[PDB]
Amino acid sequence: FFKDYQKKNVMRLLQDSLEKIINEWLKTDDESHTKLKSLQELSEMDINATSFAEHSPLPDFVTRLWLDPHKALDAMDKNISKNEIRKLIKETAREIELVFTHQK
């Protein structure tokens, strides 16, 4: 149940990033709808296909995620240090303690 929970949350994270990047990209589409058309093409692409992604107007995050999802999910945490995570764990432990013991 927890692992399913974690999986669904990772999928949400990816969907959120896709939405943010694609929506920002779309607001400067040209008069001939080059960007919208590429997005419509993407929605119809064969999931076994990769050639389209090498020379594409699509956002780089979109084609990187398509081409190699596991690699893309590693560029996403590249700026996070071991120190930052352990600090987050300590901070979270303290927060939970204060709530669980009804101090906050």
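Throughout, we count residues from 1 along the sequence that is shown.
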Which is higher in the entry, the mean Cα B factor of 20-28 or that of 85-93? 20-28
Regarding 76-84 and 9-17, which shows the higher C-alpha temperature factor on average in the entry? 76-84
Tell me, please, which of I47, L36, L42, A53 has the highest C-alpha B factor according to the deposited entry? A53
What third of its chain, lowest, middle or highest, does the C-alpha temperature factor of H102 fall into? lowest
